[PDB]
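**Q** Just passing along the structure, written as structure tokens.
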Amino acid sequence: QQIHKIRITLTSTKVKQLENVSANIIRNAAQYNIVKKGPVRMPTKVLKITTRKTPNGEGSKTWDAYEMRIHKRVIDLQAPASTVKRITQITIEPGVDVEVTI
Amino acid sequence: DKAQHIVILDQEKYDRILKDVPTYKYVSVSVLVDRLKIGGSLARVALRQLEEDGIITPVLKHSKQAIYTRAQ
Amino acid sequence: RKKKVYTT
Amino acid sequence: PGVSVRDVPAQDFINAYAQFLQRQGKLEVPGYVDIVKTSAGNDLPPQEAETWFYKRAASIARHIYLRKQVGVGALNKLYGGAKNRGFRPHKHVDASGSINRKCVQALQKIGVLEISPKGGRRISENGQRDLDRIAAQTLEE
Amino acid sequence: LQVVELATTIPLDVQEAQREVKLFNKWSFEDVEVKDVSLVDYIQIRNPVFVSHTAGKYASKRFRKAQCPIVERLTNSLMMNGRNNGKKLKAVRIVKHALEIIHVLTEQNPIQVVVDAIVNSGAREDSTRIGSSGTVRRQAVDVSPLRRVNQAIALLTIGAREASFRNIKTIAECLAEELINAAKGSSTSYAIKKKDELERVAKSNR
Amino acid sequence: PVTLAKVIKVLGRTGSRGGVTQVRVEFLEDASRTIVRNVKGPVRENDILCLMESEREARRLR
Amino acid sequence: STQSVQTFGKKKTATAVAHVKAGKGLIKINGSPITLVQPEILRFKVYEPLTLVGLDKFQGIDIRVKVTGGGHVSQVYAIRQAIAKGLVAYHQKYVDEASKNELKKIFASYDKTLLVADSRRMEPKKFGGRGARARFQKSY
Amino acid sequence: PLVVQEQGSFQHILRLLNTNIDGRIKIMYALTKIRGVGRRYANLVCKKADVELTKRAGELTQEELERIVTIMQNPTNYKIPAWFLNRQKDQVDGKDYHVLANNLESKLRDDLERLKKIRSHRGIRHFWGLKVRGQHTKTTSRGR
Amino acid sequence: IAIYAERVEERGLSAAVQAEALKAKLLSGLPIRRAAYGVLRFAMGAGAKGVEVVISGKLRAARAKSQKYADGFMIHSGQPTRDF
Amino acid sequence: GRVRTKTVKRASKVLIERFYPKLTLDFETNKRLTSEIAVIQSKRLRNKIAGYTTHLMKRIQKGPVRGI
RNA sequence: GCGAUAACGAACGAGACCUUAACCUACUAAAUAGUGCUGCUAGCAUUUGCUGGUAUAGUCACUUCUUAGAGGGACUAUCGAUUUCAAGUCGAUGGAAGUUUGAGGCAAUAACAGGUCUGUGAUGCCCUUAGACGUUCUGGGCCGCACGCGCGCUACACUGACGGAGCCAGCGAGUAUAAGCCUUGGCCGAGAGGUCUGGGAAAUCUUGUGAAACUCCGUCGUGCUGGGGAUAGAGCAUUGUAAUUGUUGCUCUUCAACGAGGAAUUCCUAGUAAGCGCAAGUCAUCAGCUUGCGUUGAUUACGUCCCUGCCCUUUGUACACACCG
Ligand SMILES: [Mg+2]
Ligand SMILES: [Mg+2]
Ligand SMILES: [Mg+2]
Ligand SMILES: [Mg+2]
Ligand SMILES: [Mg+2]
Ligand SMILES: [Mg+2]
Ligand SMILES: [Mg+2]
Ligand SMILES: [Mg+2]
Ligand SMILES: [Mg+2]
Ligand SMILES: [Mg+2]
Ligand SMILES: [Mg+2]
Ligand SMILES: [Mg+2]
Ligand SMILES: [Mg+2]
Ligand SMILES: [Mg+2]
Ligand SMILES: [Mg+2]
Ligand SMILES: [Mg+2]
Ligand SMILES: [Mg+2]
Ligand SMILES: [Mg+2]
Ligand SMILES: [Mg+2]
Ligand SMILES: [Mg+2]
Ligand SMILES: [Mg+2]
Ligand SMILES: [Mg+2]
Ligand SMILES: [Mg+2]
Ligand SMILES: [Mg+2]
Ligand SMILES: [Mg+2]
Ligand SMILES: [Mg+2]
Ligand SMILES: [Mg+2]
Ligand SMILES: [Mg+2]
């Protein structure tokens, strides 16, 4: 249990904090001589819900079209497990959630 | 209702076909039906053999359309 | 009009 | 230079492989081929009663040649067509499973295909050998 | 005469084209005559095409249709009556077959006959209506070359469409009969009855 | 006896629905006797359109 | 390696990735000869980029394309664009640019879609009708 | 595989199962005139009788005509599947049957009183001449 | 879970606080005009670019009415309404 | 139509009255100059303001313009 | 907007703005995307070639195709015409894009007795509150059929029906001790459908959703015909406690009006109309419905106030609860 090929999966609704955490981890993986693969932009998922505007059923048939974009990025690191987890706490962000899988 | 096109080929019509089709600028399924009074299915088998017998030259080959001309 | 009427 | 299946038109290659497979006679034909319709969406059985099974097996062999581990469920969708629902709009419906499963099973006992790892049905070591042969005897005219 | 072969072999007959672009490698444009001075700029035969299917953008500006090939304008008008909209590949088949029938008959160049049938089918004066909110007040007016050309294609294909309805004669050879008769100016053909009747009414309004 | 007249000036849309256009025509031969006439279809300048009858002018249409 | 250029042509959704390598002139569609295009009535659309310049231009190069997406007709226009762009792109990189500008002149003078992808895309559908502009029939 | 001629052998009008069949119709579609014989059924009895479908009705000889009416009357005896039959799992004797021209309306009728005799809901609506399969009648089927 | 309570820095710029404050005044029987102008001036005093208050309902009268109280500069259409 | 609005017409003519010597008849040069002269919130309004300023510059060399 | 100007200079709305589609061989990377090479490997002619499989260690190379973030790119750019030489408009050239680049989202000042208390543990008041008008259980009804009307789907055939064969998208969705999701692959079954394993909480698997129109080759041959598939009889499965008033699907049989539709009237200008299917929503089951998506893809204007509706100006008014005066 030392140096491993380690995956960090990043998902969030907003891209600004996602790219800051992504760049900050990449920055810390640069000055630290750790070979890295990423970030990989997964195809963004558009969660769309189309309801009727009318609470009742009177009027012209008008519809809302709500959206919820989900952006997912995965980054591959080659480092021991202790090093990668402390990197996560350095780049902790409320919006972006992190899951680590070996 | 008035069509009553002949579907069985007798001998009087057979040699009349071989005597009339060569003297045509353009023969097709409808041309055979229109003037020889034979049915569409009987026209299609007549065209496929008349080409095999050399009397008729195939201008264009197609399932829905058979364009033929005289070979003389 | 209406008025719940009983039988049993 | 050589000849492959991909170098010959599909429509007249199958008409040639169908002719060989019928004259060879070794393909086992199930007993209901004179009764059944190819798909539940169809309304009539095939018009070429004597030869339709051979031609469909020829089509199945060629289609499997060009791909990797195609299943039998995928074959039903491929040969399926638009069903004639009376007043409701048309819809795509899959073909009959037994006809396709018997063909691939029949093709499996003639030596052209076999069950591939991770699902599907691969083409046999000899399956490539004999299809490419038929292609050569197709284009000489 | 230069019979090249590539590694991907190319048939002999199709190689006979680095020479001239003939429609359906049979129909040359070199020998074609818009036999009317007034429609030369609106019957486009200067740019040869192989197949009457270009998928161009001729509906963006106002007069881009005059730049569309004349055969492609004819095959566009065939796919009508709901069930045929968007079926261009079927429409090209009718045109390809129609030209061969026009070739075996009268032996002329099939696309020359098409040009003759279009110039002879467009009415030169149509009587437009100028009714002031209901009353009948017909007035005779002139016809522009563009509307003259494109109404000819509309009338020629409409007549062929109705002649092939519930008739053993196929649409390709109903179009051939419609085009051949109108090309030679015969009054038996549809779209020549209409053109004369249009120009006849215009004479009854001046 | 049809006469051909090239158009040299598009005056404007006339008629009740605007479907007819006033245009200024000039004859191909004998480049004179310029006449104002009405035309049904879409018209640009320099369009070669023939006249069944020549001896008639045009004015605004209803 | 060798003189290899890779390009692509596009129609509505169809995209034809052209691998114009060099060689004896091998030209295949998804591993199949162009002599076997399925739409016979449209077989001359992919023959146009060949006969316009002359088959002698393809002696030294071999082209292998992989076309996916779109529809039957939309794929034909994607293939002919990948071929036309691939021939031009090879000349710009491995031949003098005088010849590349010559080839580009004949192609553009015949059909813009040989080199320029059509920008038309499907209009989105709007509610209140079955189509982009079409609306449900109204009654009074 | 080529045009052939005949004289005096064609029979313009046929009589099968007390039904008149036009002799110039193709055999597969001529039998569909017999009520109780559809296109799907006529295709199989001709294939079971080794009568190639490329023959018109009048082309057939007497030997073939009797061979067809025998198969239609005994379908199960000619490897005709039970599920392919008109009247399978019969009400009274429980065997698979295929009713034909004159027998069809008799047992179709016998089914109607059998529904009406027990006075079921489906039988009642059949008596009224209304739709029995749950169709709405509020706005459709207003002719007469 | 841990909950922290934090004071809003600029109470005048929060429409939620201003709407809750207005309700606590209207429920005390204070007149609408005196109550409405109490949020118009409180919002602007905090530095808002603009503010508009609409109060709808019924007050002693059987018929219901709505009154708008604008002030300053207000934008209405487009994305900036989602930002500012 | 392509009628420019007032937010682009008046903002462009303030530039000419203020930075005429540094302006020119080339849109590309003008486009870069106005990114360091004005604070434009959106790129599209940048290439509009400069595109109408170029038209005015092209018009000033042919005679006097109204409003500048 | 130009311009005219007792007005000058402004604000909201419009426009700007935001989302999406179309370009980038110019950056940034990608074993959940793709490719060439390379290992290993198959078939066909042997010329070293042409088609493949395999490849999560070849511990390869690359980012064009695929994905998305930072940017760049179009501003009517240049040139011709017209114009008060102004705002502008029409043509070309270049261009991925020159109709606001295409399409949408948001959208002012006031207002309607417009529609909803049948969306709300949103509500004032009135009614009821134990034989309830609360709530629950069983069964029926909301589908009920002499009729009038509206949104639509099939069709009236040959530019077509079938029968084989060819075989191409995009928008999306998907589960656990549940209360059961998407389901390939194999095996049975004519079908509908059944069964055994496995993958996938997902660019990984379903899925290239191998969709339909479409195309080729055949049968049919103007015939209420092989168009059309109502109505009905008999039978086989699925979902569900429960299918009778057939949930739906499948098999055989019956095979009706309809032979292009009067007076009237609707929608629509470019990837648009029209066909043609597919997905998501409702959903245990049922899509002839909507919301989207893509395949094939036109005719005809690019004009006008003649009809119709709305806006502005002038005008009349005994109306202002404003002609429902
Ligand atoms: Mg299919
Ligand atoms: Mg099929
Ligand atoms: Mg149909
Ligand atoms: Mg149907
Ligand atoms: Mg604003
Ligand atoms: Mg806006
Ligand atoms: Mg504003
Ligand atoms: Mg891998
Ligand atoms: Mg390899
Ligand atoms: Mg817009
Ligand atoms: Mg009311
Ligand atoms: Mg309530
Ligand atoms: Mg309530
Ligand atoms: Mg609710
Ligand atoms: Mg109770
Ligand atoms: Mg109801
Ligand atoms: Mg009922
Ligand atoms: Mg509606
Ligand atoms: Mg016909
Ligand atoms: Mg078919
Ligand atoms: Mg996938
Ligand atoms: Mg019938
Ligand atoms: Mg039925
Ligand atoms: Mg109308
Ligand atoms: Mg109307
Ligand atoms: Mg239900
Ligand atoms: Mg559904
Ligand atoms: Mg007044």
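Residues in the structure tokens are named by chain (A, B, ... in the order shown) and by number from 1 within that chain; ligands are numbered from 1 in the order shown.
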Could you pull out the helix (DSSP H, G or I) residues of region 28-154 of chain E, going by DSSP on the backbone, and write them as a ChimeraX atom specification?
**A** /E:37-42,64-67,70-78,88-104,110-119,145-154
**Q** Kindly work out which residues sit at most 7 Å from ligand 4, using only C-alpha atoms (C1' of nucleotides) and all ligand atoms, and give the list as a PyMOL selection string.
**A** (chain D and resi 84-87+89-90) or (chain K and resi 154)
**Q** Output N, CA and C atoms (P, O5', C5', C4', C3', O3' and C1' of nucleotides) of each residue in that selection to a file, as a PDB file, in the first residue's frame.
**A**
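Output below, filename selection_34.pdb:
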```
ATOM      1  N   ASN D  84     -48.046  -2.704 -39.374  1.00  0.00           N
ATOM      2  CA  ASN D  84     -49.248  -2.059 -39.897  1.00  0.00           C
ATOM      3  C   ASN D  84     -50.365  -2.086 -38.855  1.00  0.00           C
ATOM      4  N   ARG D  85     -50.168  -1.311 -37.790  1.00  0.00           N
ATOM      5  CA  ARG D  85     -51.288  -1.067 -36.894  1.00  0.00           C
ATOM      6  C   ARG D  85     -52.372  -0.345 -37.676  1.00  0.00           C
ATOM      7  N   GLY D  86     -53.608  -0.798 -37.504  1.00  0.00           N
ATOM      8  CA  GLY D  86     -54.699  -0.425 -38.379  1.00  0.00           C
ATOM      9  C   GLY D  86     -54.896   1.071 -38.484  1.00  0.00           C
ATOM     10  N   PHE D  87     -55.368   1.683 -37.405  1.00  0.00           N
ATOM     11  CA  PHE D  87     -55.586   3.117 -37.385  1.00  0.00           C
ATOM     12  C   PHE D  87     -54.540   3.858 -36.570  1.00  0.00           C
ATOM     13  N   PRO D  89     -50.635   4.883 -35.531  1.00  0.00           N
ATOM     14  CA  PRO D  89     -49.485   5.124 -36.404  1.00  0.00           C
ATOM     15  C   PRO D  89     -48.589   3.896 -36.451  1.00  0.00           C
ATOM     16  N   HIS D  90     -47.714   3.876 -37.450  1.00  0.00           N
ATOM     17  CA  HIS D  90     -46.790   2.765 -37.603  1.00  0.00           C
ATOM     18  C   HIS D  90     -45.747   2.749 -36.482  1.00  0.00           C
TER      19      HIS D  90
ATOM     20  P     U K 154     -51.214   8.181 -39.299  1.00  0.00           P
ATOM     21  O5'   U K 154     -51.926   6.761 -39.303  1.00  0.00           O
ATOM     22  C5'   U K 154     -52.003   5.991 -40.487  1.00  0.00           C
ATOM     23  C4'   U K 154     -53.267   5.175 -40.522  1.00  0.00           C
ATOM     24  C3'   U K 154     -53.763   4.844 -41.917  1.00  0.00           C
ATOM     25  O3'   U K 154     -53.099   3.726 -42.480  1.00  0.00           O
ATOM     26  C1'   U K 154     -55.555   5.666 -40.613  1.00  0.00           C
TER      27        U K 154
END
```
**Q** Which polymer residues have any atom within 12 Å of an atom of region 59-67 of chain I, counting only C-alpha atoms (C1' of nucleotides), with same-chain residues fewer than 3 positions away left out, as a PyMOL selection string?
**A** (chain I and resi 26-27+29+31-33+36+52-56+70) or (chain K and resi 110-111+113+124-125)
**Q** Select the residues contacting ligand 6 at a distance of at most 12 Å, based on only C-alpha atoms (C1' of nucleotides) and all ligand atoms, then format the selection as a PDB file with N, CA and C atoms (P, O5', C5', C4', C3', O3' and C1' of nucleotides), in the first residue's frame.
**A**
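Wrote it out as selection.pdb, contents follow:
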```pdb
ATOM      1  N   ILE I  75     -34.458  47.930 -13.316  1.00  0.00           N
ATOM      2  CA  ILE I  75     -34.336  47.207 -14.575  1.00  0.00           C
ATOM      3  C   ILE I  75     -35.372  46.095 -14.561  1.00  0.00           C
ATOM      4  N   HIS I  76     -35.811  45.684 -15.737  1.00  0.00           N
ATOM      5  CA  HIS I  76     -36.948  44.770 -15.759  1.00  0.00           C
ATOM      6  C   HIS I  76     -36.709  43.516 -16.588  1.00  0.00           C
ATOM      7  N   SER I  77     -35.995  43.621 -17.707  1.00  0.00           N
ATOM      8  CA  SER I  77     -35.874  42.529 -18.663  1.00  0.00           C
ATOM      9  C   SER I  77     -34.432  42.052 -18.789  1.00  0.00           C
ATOM     10  N   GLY I  78     -34.287  40.786 -19.181  1.00  0.00           N
ATOM     11  CA  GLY I  78     -32.991  40.195 -19.454  1.00  0.00           C
ATOM     12  C   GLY I  78     -32.313  39.571 -18.252  1.00  0.00           C
ATOM     13  N   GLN I  79     -31.114  39.055 -18.526  1.00  0.00           N
ATOM     14  CA  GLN I  79     -30.317  38.396 -17.494  1.00  0.00           C
ATOM     15  C   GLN I  79     -29.991  39.270 -16.282  1.00  0.00           C
ATOM     16  N   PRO I  80     -29.648  40.564 -16.413  1.00  0.00           N
ATOM     17  CA  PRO I  80     -29.215  41.324 -15.222  1.00  0.00           C
ATOM     18  C   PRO I  80     -30.192  41.300 -14.055  1.00  0.00           C
ATOM     19  N   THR I  81     -31.487  41.090 -14.305  1.00  0.00           N
ATOM     20  CA  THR I  81     -32.431  40.953 -13.201  1.00  0.00           C
ATOM     21  C   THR I  81     -32.130  39.730 -12.339  1.00  0.00           C
TER      22      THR I  81
ATOM     23  P     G K  13     -35.647  47.753 -18.848  1.00  0.00           P
ATOM     24  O5'   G K  13     -36.789  47.656 -19.955  1.00  0.00           O
ATOM     25  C5'   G K  13     -38.043  47.045 -19.684  1.00  0.00           C
ATOM     26  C4'   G K  13     -39.001  47.235 -20.835  1.00  0.00           C
ATOM     27  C3'   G K  13     -38.532  46.767 -22.206  1.00  0.00           C
ATOM     28  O3'   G K  13     -38.617  45.365 -22.404  1.00  0.00           O
ATOM     29  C1'   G K  13     -39.459  48.914 -22.409  1.00  0.00           C
ATOM     30  P     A K  14     -37.456  44.589 -23.203  1.00  0.00           P
ATOM     31  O5'   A K  14     -37.416  45.333 -24.608  1.00  0.00           O
ATOM     32  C5'   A K  14     -38.391  45.082 -25.606  1.00  0.00           C
ATOM     33  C4'   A K  14     -38.028  45.780 -26.891  1.00  0.00           C
ATOM     34  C3'   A K  14     -36.672  45.399 -27.463  1.00  0.00           C
ATOM     35  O3'   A K  14     -36.714  44.195 -28.213  1.00  0.00           O
ATOM     36  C1'   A K  14     -36.849  47.747 -27.402  1.00  0.00           C
ATOM     37  P     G K  15     -35.537  43.111 -28.055  1.00  0.00           P
ATOM     38  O5'   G K  15     -34.220  43.960 -28.329  1.00  0.00           O
ATOM     39  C5'   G K  15     -33.950  44.472 -29.627  1.00  0.00           C
ATOM     40  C4'   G K  15     -32.734  45.360 -29.625  1.00  0.00           C
ATOM     41  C3'   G K  15     -31.516  44.718 -29.006  1.00  0.00           C
ATOM     42  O3'   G K  15     -30.869  43.832 -29.893  1.00  0.00           O
ATOM     43  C1'   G K  15     -31.769  46.888 -28.134  1.00  0.00           C
ATOM     44  P     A K  16     -29.900  42.718 -29.285  1.00  0.00           P
ATOM     45  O5'   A K  16     -28.614  43.550 -28.857  1.00  0.00           O
ATOM     46  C5'   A K  16     -27.722  43.032 -27.893  1.00  0.00           C
ATOM     47  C4'   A K  16     -27.210  44.112 -26.978  1.00  0.00           C
ATOM     48  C3'   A K  16     -26.651  43.626 -25.657  1.00  0.00           C
ATOM     49  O3'   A K  16     -25.332  43.134 -25.791  1.00  0.00           O
ATOM     50  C1'   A K  16     -28.114  45.425 -25.260  1.00  0.00           C
ATOM     51  P     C K  17     -25.056  41.550 -25.789  1.00  0.00           P
ATOM     52  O5'   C K  17     -25.663  41.058 -24.408  1.00  0.00           O
ATOM     53  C5'   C K  17     -25.192  41.595 -23.184  1.00  0.00           C
ATOM     54  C4'   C K  17     -26.074  41.177 -22.043  1.00  0.00           C
ATOM     55  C3'   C K  17     -26.199  39.673 -21.905  1.00  0.00           C
ATOM     56  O3'   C K  17     -25.093  39.107 -21.233  1.00  0.00           O
ATOM     57  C1'   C K  17     -28.343  40.654 -21.769  1.00  0.00           C
ATOM     58  P     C K  18     -24.310  37.866 -21.888  1.00  0.00           P
ATOM     59  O5'   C K  18     -25.176  36.602 -21.466  1.00  0.00           O
ATOM     60  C5'   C K  18     -25.439  36.332 -20.099  1.00  0.00           C
ATOM     61  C4'   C K  18     -26.553  35.331 -19.960  1.00  0.00           C
ATOM     62  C3'   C K  18     -26.416  34.100 -20.839  1.00  0.00           C
ATOM     63  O3'   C K  18     -25.556  33.131 -20.279  1.00  0.00           O
ATOM     64  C1'   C K  18     -28.590  34.972 -21.061  1.00  0.00           C
ATOM     65  P     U K 100     -32.362  39.906 -40.185  1.00  0.00           P
ATOM     66  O5'   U K 100     -30.993  39.962 -39.368  1.00  0.00           O
ATOM     67  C5'   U K 100     -30.408  41.208 -38.998  1.00  0.00           C
ATOM     68  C4'   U K 100     -29.970  41.229 -37.549  1.00  0.00           C
ATOM     69  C3'   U K 100     -29.498  39.896 -36.960  1.00  0.00           C
ATOM     70  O3'   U K 100     -28.420  40.149 -36.065  1.00  0.00           O
ATOM     71  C1'   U K 100     -31.224  40.770 -35.621  1.00  0.00           C
ATOM     72  P     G K 104     -38.099  31.207 -32.281  1.00  0.00           P
ATOM     73  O5'   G K 104     -38.394  30.359 -30.965  1.00  0.00           O
ATOM     74  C5'   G K 104     -38.463  30.965 -29.685  1.00  0.00           C
ATOM     75  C4'   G K 104     -37.525  30.297 -28.713  1.00  0.00           C
ATOM     76  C3'   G K 104     -37.528  30.882 -27.311  1.00  0.00           C
ATOM     77  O3'   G K 104     -38.583  30.355 -26.526  1.00  0.00           O
ATOM     78  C1'   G K 104     -35.296  30.635 -28.064  1.00  0.00           C
ATOM     79  P     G K 105     -39.428  31.317 -25.561  1.00  0.00           P
ATOM     80  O5'   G K 105     -38.454  31.630 -24.339  1.00  0.00           O
ATOM     81  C5'   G K 105     -38.077  30.610 -23.423  1.00  0.00           C
ATOM     82  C4'   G K 105     -37.113  31.120 -22.382  1.00  0.00           C
ATOM     83  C3'   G K 105     -37.553  32.383 -21.661  1.00  0.00           C
ATOM     84  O3'   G K 105     -38.451  32.128 -20.596  1.00  0.00           O
ATOM     85  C1'   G K 105     -35.299  32.611 -22.350  1.00  0.00           C
ATOM     86  P     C K 106     -39.735  33.074 -20.406  1.00  0.00           P
ATOM     87  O5'   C K 106     -39.124  34.433 -19.836  1.00  0.00           O
ATOM     88  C5'   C K 106     -38.351  34.424 -18.646  1.00  0.00           C
ATOM     89  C4'   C K 106     -37.528  35.678 -18.469  1.00  0.00           C
ATOM     90  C3'   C K 106     -38.268  37.002 -18.533  1.00  0.00           C
ATOM     91  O3'   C K 106     -38.866  37.322 -17.294  1.00  0.00           O
ATOM     92  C1'   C K 106     -36.296  37.127 -19.840  1.00  0.00           C
ATOM     93  P     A K 107     -40.426  37.683 -17.225  1.00  0.00           P
ATOM     94  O5'   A K 107     -40.505  39.080 -17.978  1.00  0.00           O
ATOM     95  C5'   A K 107     -39.722  40.172 -17.522  1.00  0.00           C
ATOM     96  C4'   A K 107     -39.577  41.222 -18.589  1.00  0.00           C
ATOM     97  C3'   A K 107     -40.882  41.798 -19.111  1.00  0.00           C
ATOM     98  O3'   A K 107     -41.347  42.842 -18.281  1.00  0.00           O
ATOM     99  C1'   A K 107     -39.483  41.204 -20.927  1.00  0.00           C
ATOM    100  P     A K 108     -42.910  43.180 -18.141  1.00  0.00           P
ATOM    101  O5'   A K 108     -42.892  44.743 -17.838  1.00  0.00           O
ATOM    102  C5'   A K 108     -41.810  45.310 -17.111  1.00  0.00           C
ATOM    103  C4'   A K 108     -41.648  46.776 -17.414  1.00  0.00           C
ATOM    104  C3'   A K 108     -42.848  47.624 -17.036  1.00  0.00           C
ATOM    105  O3'   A K 108     -42.825  47.971 -15.669  1.00  0.00           O
ATOM    106  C1'   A K 108     -42.127  48.183 -19.222  1.00  0.00           C
TER     107        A K 108
END
```
**Q** Given a cut-off of 10 Å, what residues near ligand 26 show up using only C-alpha atoms (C1' of nucleotides) and all ligand atoms, put as a list in words?
**A**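 Those within range of ligand 26 are residues 247, 248, 285 and 286 of chain K.
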**Q** For C-alpha atoms (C1' of nucleotides), I'd like the residues from the last selection saved as a PDB file, in the first residue's frame.
**A**
```pdb
ATOM      1  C1'   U K 247     -56.010  -2.724 -20.279  1.00  0.00           C
ATOM      2  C1'   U K 248     -52.478  -4.209 -23.889  1.00  0.00           C
ATOM      3  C1'   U K 285     -50.545  -2.242 -17.694  1.00  0.00           C
ATOM      4  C1'   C K 286     -52.393   0.973 -21.820  1.00  0.00           C
TER       5        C K 286
END
```
**Q** List all protein, DNA and RNA residues that have at least one atom no more than 8 Å from any atom of ligand 18, counting only C-alpha atoms (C1' of nucleotides) and all ligand atoms, and write them as a ChimeraX atom specification.
**A** /G:128,136-138 /K:151
**Q** What does the list of residues within 9 Å of ligand 12 look like if you count only C-alpha atoms (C1' of nucleotides) and all ligand atoms, written as an NGL selection string?
**A** :K and (117-118 or 120)
**Q** Here is a test: counting only C-alpha atoms (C1' of nucleotides), which residue of K:152, K:275, K:221, K:180 is nearest to residue 86 (chain E)?
**A**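 Of the candidates, the smallest distance to residue 86 (chain E) is held by K:275.
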**Q** Any chance you could list, as a ChimeraX atom specification, the residues in region 9-62 of chain F that come up strand (DSSP E or B) when DSSP is run on the backbone?
**A** /F:9-14,20-27,35-39,48-51
**Q** Which residues are near ligand 17 - at most 7 Å, using only C-alpha atoms (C1' of nucleotides) and all ligand atoms? Format: as a ChimeraX atom specification.
**A** /K:143-144,245
**Q** Hey, what's within 10 Å of residue 35 (chain I) if we count only C-alpha atoms (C1' of nucleotides) and toss same-chain stuff fewer than 4 positions away? As a list in words, please?
**A**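 Neighbouring residues, sequence-local ones excluded: residues 21, 22, 23, 24, 25, 26, 29, 30, 31, 39 and 40 of chain I.
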**Q** Deliver the residues from the most recent selection as a file, using C-alpha atoms, as an mmCIF file, in the first residue's frame.
**A**
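And here's out_22.cif as it stands now:
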```
data_model
loop_
_atom_site.group_PDB
_atom_site.id
_atom_site.type_symbol
_atom_site.label_atom_id
_atom_site.label_comp_id
_atom_site.auth_asym_id
_atom_site.auth_seq_id
_atom_site.Cartn_x
_atom_site.Cartn_y
_atom_site.Cartn_z
ATOM 1 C CA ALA I 21 -40.346 43.418 8.574
ATOM 2 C CA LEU I 22 -43.301 44.791 6.580
ATOM 3 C CA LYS I 23 -45.514 41.867 7.595
ATOM 4 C CA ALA I 24 -44.711 42.407 11.291
ATOM 5 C CA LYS I 25 -45.824 46.039 10.868
ATOM 6 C CA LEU I 26 -48.969 45.353 8.851
ATOM 7 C CA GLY I 29 -52.339 47.594 12.482
ATOM 8 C CA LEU I 30 -49.948 50.235 11.180
ATOM 9 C CA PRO I 31 -51.233 52.060 8.077
ATOM 10 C CA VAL I 39 -39.060 49.979 3.397
ATOM 11 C CA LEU I 40 -38.687 52.378 0.475
#
```
**Q** Give as a ChimeraX atom specification every residue of chain K that touches chain D within 6 Å, counting only C-alpha atoms (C1' of nucleotides).
**A** /K:43-45,49-51,153-154,163,185,190-191,210,229,288
**Q** Can you tell me which residues surround region 78-81 of chain E at a distance of at most 10 Å, considering only C-alpha atoms (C1' of nucleotides), apart from same-chain residues fewer than 5 positions away, and format the answer as a PyMOL selection string?
**A** (chain E and resi 73+86-92+94-95+153-154+156-158+160-161+171+175) or (chain K and resi 159+274-275+297-299)
**Q** Enumerate residues in contact with ligand 25: an atom-to-atom distance of at most 12 Å, counting only C-alpha atoms (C1' of nucleotides) and all ligand atoms. Format the result as a PyMOL selection string.
**A** (chain G and resi 137-140) or (chain K and resi 264-267+307-309)
**Q** Considering only C-alpha atoms (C1' of nucleotides), return as a PyMOL selection string whatever protein or nucleic-acid residues lie within 12 Å of residue 3 (chain C), sequence-local ones (same chain, fewer than 2 positions apart) excluded.
**A** (chain C and resi 1+5-6) or (chain K and resi 128+133)
**Q** In Å, rounded to a single decimal, give me how far CA of residue 69 (chain A) is from CA of residue 13 (chain A).
**A** 5.9 Å
**Q** What residues in chain E have any atom no more than 12 Å from chain B when counting only C-alpha atoms, and can you write them as a ChimeraX atom specification?
**A** /E:24,26,90,93-94,96-107,164,167-174,176-177
**Q** Within 9 Å of ligand 8 (counting only C-alpha atoms (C1' of nucleotides) and all ligand atoms), which residues show up? I'd like them as a VMD selection string.
**A** chain K and resid 31 55 to 56
